[PDB]
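What follows is a single structure, written as structure tokens, with notes after it.
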Amino acid sequence: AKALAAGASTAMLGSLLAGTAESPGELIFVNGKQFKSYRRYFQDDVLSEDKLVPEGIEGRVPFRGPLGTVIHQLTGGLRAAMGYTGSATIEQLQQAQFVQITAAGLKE
Amino acid sequence: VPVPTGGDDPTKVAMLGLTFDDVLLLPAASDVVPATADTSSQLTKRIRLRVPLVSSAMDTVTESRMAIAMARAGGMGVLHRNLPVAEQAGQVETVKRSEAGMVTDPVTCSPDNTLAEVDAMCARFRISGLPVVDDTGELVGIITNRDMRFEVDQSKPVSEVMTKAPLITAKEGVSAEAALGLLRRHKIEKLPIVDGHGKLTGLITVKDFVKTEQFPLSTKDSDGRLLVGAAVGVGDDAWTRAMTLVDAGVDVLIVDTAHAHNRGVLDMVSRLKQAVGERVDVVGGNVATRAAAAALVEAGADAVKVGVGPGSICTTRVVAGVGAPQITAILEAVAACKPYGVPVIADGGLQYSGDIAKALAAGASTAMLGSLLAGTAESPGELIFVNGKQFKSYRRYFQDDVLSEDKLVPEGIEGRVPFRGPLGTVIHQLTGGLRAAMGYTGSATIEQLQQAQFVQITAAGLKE
Amino acid sequence: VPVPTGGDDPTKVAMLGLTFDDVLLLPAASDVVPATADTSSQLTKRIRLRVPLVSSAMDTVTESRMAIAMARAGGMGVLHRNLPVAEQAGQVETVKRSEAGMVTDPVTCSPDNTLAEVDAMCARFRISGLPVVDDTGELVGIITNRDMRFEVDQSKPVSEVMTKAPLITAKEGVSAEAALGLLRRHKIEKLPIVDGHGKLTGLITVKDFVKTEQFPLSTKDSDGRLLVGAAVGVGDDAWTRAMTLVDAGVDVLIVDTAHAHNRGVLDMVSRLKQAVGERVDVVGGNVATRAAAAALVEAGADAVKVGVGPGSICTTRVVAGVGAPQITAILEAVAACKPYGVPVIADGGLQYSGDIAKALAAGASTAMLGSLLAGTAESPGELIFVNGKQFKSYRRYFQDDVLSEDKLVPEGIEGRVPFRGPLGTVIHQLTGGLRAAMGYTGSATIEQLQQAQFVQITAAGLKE
Amino acid sequence: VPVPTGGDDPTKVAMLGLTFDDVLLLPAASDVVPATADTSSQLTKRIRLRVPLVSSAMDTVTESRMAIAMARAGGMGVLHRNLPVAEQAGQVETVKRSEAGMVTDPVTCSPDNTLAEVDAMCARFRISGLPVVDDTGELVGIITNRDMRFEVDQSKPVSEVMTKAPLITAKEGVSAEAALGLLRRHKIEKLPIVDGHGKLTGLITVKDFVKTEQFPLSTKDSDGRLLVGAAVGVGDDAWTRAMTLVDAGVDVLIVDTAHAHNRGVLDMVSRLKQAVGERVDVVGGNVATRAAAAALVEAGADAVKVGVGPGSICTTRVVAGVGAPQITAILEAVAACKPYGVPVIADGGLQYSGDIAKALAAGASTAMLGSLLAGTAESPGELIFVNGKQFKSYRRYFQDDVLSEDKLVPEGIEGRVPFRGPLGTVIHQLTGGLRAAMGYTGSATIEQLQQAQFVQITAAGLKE
Ligand SMILES: Nc1nc2c(ncn2[C@@H]2O[C@H](COP(=O)(O)OP(=O)(O)OP(=O)(O)O)[C@@H](O)[C@H]2O)c(=O)[nH]1
Ligand SMILES: Nc1nc2c(ncn2[C@@H]2O[C@H](COP(=O)(O)OP(=O)(O)OP(=O)(O)O)[C@@H](O)[C@H]2O)c(=O)[nH]1
Ligand SMILES: Nc1nc2c(ncn2[C@@H]2O[C@H](COP(=O)(O)OP(=O)(O)OP(=O)(O)O)[C@@H](O)[C@H]2O)c(=O)[nH]1
Ligand SMILES: Nc1ncnc2c1ncn2[C@@H]1O[C@H](COP(=O)(O)OP(=O)(O)OP(=O)(O)O)[C@@H](O)[C@H]1O
Ligand SMILES: Nc1ncnc2c1ncn2[C@@H]1O[C@H](COP(=O)(O)OP(=O)(O)OP(=O)(O)O)[C@@H](O)[C@H]1O
Ligand SMILES: Nc1ncnc2c1ncn2[C@@H]1O[C@H](COP(=O)(O)OP(=O)(O)OP(=O)(O)O)[C@@H](O)[C@H]1O
Ligand SMILES: [Mg+2]
Ligand SMILES: [Mg+2]
Ligand SMILES: [Mg+2]
Ligand SMILES: [Mg+2]
Ligand SMILES: [Mg+2]
Ligand SMILES: [Mg+2]
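Residue numbers (the deposited numbering), protein chains in the order written: chain G, 368 to 406, 427 to 495; chain H, 12 to 406, 427 to 495; chain C, 12 to 406, 427 to 495; chain B, 12 to 406, 427 to 495.
Right, here's the structure in full:
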């Protein structure tokens, strides 16, 4: 909402979508949870520890679920901002004003 | 040519917002002793509180019990609206009936009644004694709990138990001094009041005088009844709710929205002021700018409540990106409201009594508290005992196993809130803080405190 | 003379209890390939599972969806009883109607019905197509979702939209191979089955063949329907519940209490075995000693569930001071039960698949899972998205404010349970662990795994 | 009658397993100086090491470089098998060619070869100098990197650069003392060796003498070449791999499985012992019980490797529930192996040098190291510099943006391993710890250390 109000027309998302079902990667199950990983021939031992864990356990990204739910949450936030600022369109949102806050305003 | 923060528009970044942590009150020349400071302040244009505090209209903060306690402590409570119209109006009725100079419509019984019937009525209305009338309406006795305490047959009629006429009575128009003298003389607690023909039209208790002596700061109307407010929304359901609340005897209506700079909110305020404005005060919901407060004043609000995402990491700021630091918001709203004599209510972002002093010094007349009161004894919720401590919980039929683990732990064990104790102690601490601020600034009254100056502090002043 | 731990009685401290962390399985001579190990096991004296796992009778674990998924995966589910009798029987009926060799009671409509009516019936039973019958009971056609997908007018009668007779049908006693040949030749998905006079008496669908191919480990009765269990308490309401569940077609009844070494529970087990034993297996509730297991065997139980406060800091141990370490409890219960051929179900205290392998090696035939299944997709609760993650929650009318913070966050955000994904993945991981244990111990079957030996480890063996 | 831990079988819980933290070595009467202690021990029945340590057959531990460093340090390396047969045989050959009493297959060139050609040959075999022979097969000179250093034309033939014959050479059978005398007289580093007809049959360098004097503990064969081991699995591909590794000149084959108590593994050991047992020692895979070790001994193994889930929270214990504490496993394996003179290798769970001492005192003859050696310079992987420290990592074409953030940071940043520096220092620390233990127990040799006594300690002994 702030980026659009500053005058941008769209936003490019990136890390907010890296763990979704539609993003590239492989879905794995580790320690009671779902993860995404960006992951053998000569390991013929049937009782070795590598057969007891999924491949790609290291460097795994958490799983976020369907993309539509993420997009719906983001759009709900944007619509709430548009309601607060009286912006019927994105072009009207681009005319909204800011208030600058201090360091105390970010202190929990 | 460019703005230092970017762009060509010098109003794009409208202002720098100050919050409570950005400022401190400066000491000034003072002859004020904290114990003698006057903390009374205007809630609305027609209502003045002894203690400049109001409890929030949240379903974890204010119901009848909290409203009664807040009114007795010198402030007022606003009942929440997350419940059916009938229940909210019933809570208003409970608050109004809690004490009075004279019960104008006492709960009467009939000689044919069983002891169970009168006992049910007493437990319903939370009272002790009932006058009795015949099927015509003539007073023929009174039954109190000392009579039933000594009667073991639960199924007896009232005529067997009631103290028969003639009772110790008094006529309509009797002065409070005369009624007190009669009660003192005859060593009784209750006094029927009758007209010239002997028809019952009132009841005076000594407990009312005792309460008046015990709670000298109480917020009351002309009849000696506690004041109370209630929240309403916008719409047709909201209009019917407002009318029902006005019927129940509400004193303040608060049109309660997250964003009051809206045509529907302003029209609702105007309609309420046209319809019930000669009896009830109407308060306009939350604003954060000078223009919105001016719109509320134009619409006819009796007070303006301030605050839109005033917390630092609040949900509104994180999700919508919308907010306003509370000190600047109060300064702007006061700039709009003070020329017309409309008080400002500071709502949200208050963590300590110092914050209350700062809010009043910025120009607000009262403060709405909220989370500070959430866990007290008078707030809604059930008290439970877990792991050596007390908590408040907002919490079976088919689970009949006598030895199952669920029977070993209290219900509501999850999501419980710490127990804070009685509300009076919290209010006392907050008032002590405010009086110390008034002593430091030399403010004999709240209106003088509203003229105090701030010093702005840097980041290094907040580092422990 | 004195006992080294105090007093004179050597039986005061009866024994030393071992939990799962105290032991490990020893490697043994093995010609067993984990992929080729046989994990089938006896649930009761008469029921054998392909996967020796059962979901727990908890309201956060097992309802219809969980029971269906567990039965397809090669195990079984036990429906919880924290709900009215009618709903529990409805869930039993839901599980039993999931799939079959032939639908012996198909949902039929009438030609005078509207498209909305048949749509609502289909949604009620989660089906796609209905045969249609007249006011006598002769089959006049069939209507499927390809018919209604291509008809817009929802007020059209079925007779206008339906596919009219003659239909591709077959007579009673048609083999599955012949019925499938018919379904394949005519390129249709459904096939009514009628009696010698043309009256509809069954329905065969290709989806049942597809499900049979897709879930080859399914736990099914002679008619091809998924097996399911249900829990009951003790008492007269429990007896009515049990009779209703037996009428609904349940396969296993579990008398489910915290302390089964009680005369009432034993009497309930005996009564159930006498009344409905020839149809339904009766499993007896939780024990932790040899004597209690022997008492349940004496009462006629078809299986014995083991575990009473098996967790380390479980509520029973802290509040009542009562418990029994699970390995020792299983060993004692098996010593009571194995001579009589009664299987033992290990219930409680399982954190990893290694614990499952240990529990079966101690003598148990199956394991009840519980918390391992709490957050799966098939468990009860709603899926929500919070802070970039998925959670499962167990979550307004008067909150009509569109901009309020309660609109900005999902419902149920307090005390949410982490989401785990589909049940099949969890079951597959657990079975991989069990197969690894069987390979290490050289156990070709679960019955051979029940003969494995342990090594007891010191506390130093638990230090990371 | 009942077993104190449950049930009726006194052998269900077979034993109590001790890990390294469960025991300490007791001091004994000693005339042993740690510096004069003798740490030599039998790896197999035919191979004796100066330092009783062997590097694990893991792809992050042992390749050619680690094997060379281990053999030079007094131990040995076992090449991992997670790679093609040709690469593993090439690594064997690289280890066997590192040094020798006499190079028996010298890398020769021809006068027609350009300088770039012979330079490429030197880079391929990591050498410095090449004899040169003509198309008939007669030695016509020698070209060394000093000759190539002073040449600016890279297209020149070898005949224009090489030192031409006659050369400083010697006949077959010349002793090392005479060869060193010749290399000292003529102040050269290389000496060709010809037969009775002037045909080149060897090459003696002075770097070999330098290496012998610099690494006086090197584990070497009768030809002065370093010893090396390699791991194989079970099956037909494993048999082909083993034959290829034997052709490359490997000294020990390790049949390397997670569970050697298996008919396939024992058959593989017997087949290898029959086929190549006269030349190569065969080591049998991991066991943890006395019966498994006895089976390996009967199968003909030259050594027995011990350890099956020896770590506290290892994946085998958590996922399969299978394990064996390592001290007890070593004691059982030694009870099986010692009467037949079969050495026991301790593999797994070692964290410090004190554990190495404990394992050798329990009866093992050598220890396999593994993760202690993973981050060393000779271990596989690439050295990177991140955040002011060094790391080892196991790490583009289409990212051609010169200013991208991926250019600013090294490849392999994620999942990196701490850098430990040279292997010699780590081995020196471990050997110092072992020598201290030998001094404390009065053990002049490893065989005397194998008779030392333990004290078992409690959990209070492990509290910091
Ligand atoms: N009895 C009575 N009290 C009412 C009624 N409506 C409000 N009240 C208030 O209820 C309060 C308590 O009255 P009672 O319970 O009768 O008190 P009491 O018996 O006079 O006094 P204590 O014995 O000292 O508690 C008083 O403050 C009344 O003003 C009513 O209809 N009847
Ligand atoms: N149609 C139908 N199916 C039933 C009924 N009772 C249970 N079922 C089951 O419901 C499942 C799905 O049946 P339908 O919805 O008709 O599916 P379908 O059109 O045959 O098959 P697909 O197009 O492959 O989904 C089958 O496995 C039936 O055994 C019933 O009364 N009618
Ligand atoms: N040149 C050569 N060296 C070999 C061969 N096979 C093994 N080596 C060994 O490679 C090592 C290095 O020898 P060179 O590269 O010739 O070294 P150098 O020039 O004699 O010695 P420095 O100048 O002191 O390094 C010696 O220890 C040889 O034993 C081979 O075919 N040719
Ligand atoms: N106005 C009255 N005239 C005469 N008798 C009365 C009157 N009011 C109450 N009484 C009677 O006098 C007695 C005292 O009752 P009172 O109402 O004073 O106390 P109570 O509230 O019942 O007692 P307690 O506060 O101790 O519980 C009772 O028997 C009651 O019936
Ligand atoms: N036994 C039958 N004999 C003749 N026609 C039939 C029979 N059963 C269904 N049909 C007709 O065959 C067509 C396809 O129906 P079917 O039930 O096979 O598919 P559907 O479930 O509607 O389709 P989809 O699964 O693709 O959504 C419809 O027109 C239906 O009326
Ligand atoms: N056996 C030999 N007979 C005659 N000349 C030789 C012989 N061996 C080496 N040379 C020559 O002696 C010179 C020195 O070579 P040498 O092999 O001793 O050192 P290098 O390894 O080339 O040099 P450095 O190690 O100092 O870099 C070269 O010109 C080489 O051709
Ligand atoms: Mg009283
Ligand atoms: Mg009293
Ligand atoms: Mg269909
Ligand atoms: Mg289909
Ligand atoms: Mg050289
Ligand atoms: Mg040199």
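Note that the Cβ used here is the ideal one computed from N, Cα and C, for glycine as well.
Please confirm whether C/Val62 and C/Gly85 have their CB atoms less than 8 Å apart. yes
May I ask you to check if the CB of residue 426 of chain C is nearer than 7 Å to at least one heavy atom of ligand 2? The gap in chain C between 406 and 427 takes in residue 426 of chain C, so it carries no coordinates here.
For ligand 8, any of its heavy atoms closer than 7 Å to the Cβ of H/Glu200? yes
Distance check for C/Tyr363 and G/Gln401, CA to CA, integer angstroms please. 16 Å
Below 8 Å on the Cβ atoms is my guess for C/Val266 versus C/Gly296; work out the distance and round it to an integer in Å. 5 Å
Look up H/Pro336 in the DSSP assignment and say whether it is helix, strand or coil. coil
Could you check if B/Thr251 is buried or exposed, using at least 16 other CB atoms within 10 Å of its CB as the buried criterion? exposed
How is the beta strand (DSSP E) around C/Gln487 delimited, first residue to last? 485-488
Given this structure, state the Cα-to-Cα distance separating B/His91 from B/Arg195, to the nearest angstrom. 41 Å
Backbone secondary structure at H/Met279 - three-state DSSP: helix
Pull up the CB-CB distance for G/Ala468 and G/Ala370, whole angstroms please, since I reckon it's below 8 Å. 11 Å between Cβ atoms; not a contact.
Please classify B/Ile338 as buried or exposed, where buried requires at least 16 other C-beta atoms within 10 Å of its C-beta. buried
Within 10 angstroms of its Cβ, does C/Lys198 collect 16 or more other Cβ (buried), or is it exposed? exposed
DSSP puts B/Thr174 in a beta bridge; with which residues? B/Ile153
Assign B/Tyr351 to one of two classes, buried (16 or more other C-beta atoms within 10 Å of its C-beta) or exposed (fewer than that). exposed
For C/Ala346, go through chain B and note every residue whose CB falls closer than 7 Å to its CB, in chain order. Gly18, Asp19
Tell me, please, whether the CB atom of H/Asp32 is closer than 8 Å to any CB atom in chain G? yes
Residue 423 of chain C in three-state terms, based on DSSP: Absent here is residue 423 of chain C, because the residues of chain C run from 406 on to 427 with nothing modelled in between.
Cβ contact (3+ pairs, closer than 8 Å) linking the region 226-246 of chain B and the region 117-131 of chain B: no
Output needed for C/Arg57: all residues of its chain with C-beta closer than 8 Å, excluding positions within five of it in sequence on either side, in chain order. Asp292, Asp313
Given B/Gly318 as reference, the closest of B/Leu277, B/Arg160, B/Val287, B/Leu361 once Cα atoms are compared: B/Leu361
Run the proximity test for H/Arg108: is its beta-carbon closer than 7 Å to any non-hydrogen atom belonging to ligand 1? yes
Report whether the distance from the Cβ of H/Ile138 to the nearest heavy atom of ligand 4 is below 7 Å. no
How about C/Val294 and C/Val106: do their beta carbons lie closer than 8 Å? no
Say yes only if the C-beta of H/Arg196 is nearer than 7 Å to one or more non-hydrogen atoms of ligand 4, and no if none qualify. no
Cβ-Cβ separation, B/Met379 to B/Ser52 (assumed contact under 8 Å), whole Å: B/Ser52 to B/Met379, Cβ: 13 Å. No contact.
With a Cβ-Cβ cutoff of 8 Å, do H/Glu162 and H/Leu202 count as a contact? no
Pull the bridge partners of H/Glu393 from the DSSP assignment, please. H/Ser404
Which of helix, strand or coil DSSP assigns to B/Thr216: strand
Please specify which runs of the alpha helix (DSSP H), each continuous and at least 4 residues long, are wholly inside the region 88-154 of chain B, giving them in chain order. 96-107, 126-136
Local conformation of G/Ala467 per DSSP, three classes: helix
Using only the alpha-carbon positions, how far apart do C/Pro45 and C/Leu461 sit? 13 Å
Are there 16 or more other CB atoms within 10 angstroms of the CB of G/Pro391, so buried, or fewer, so exposed? exposed
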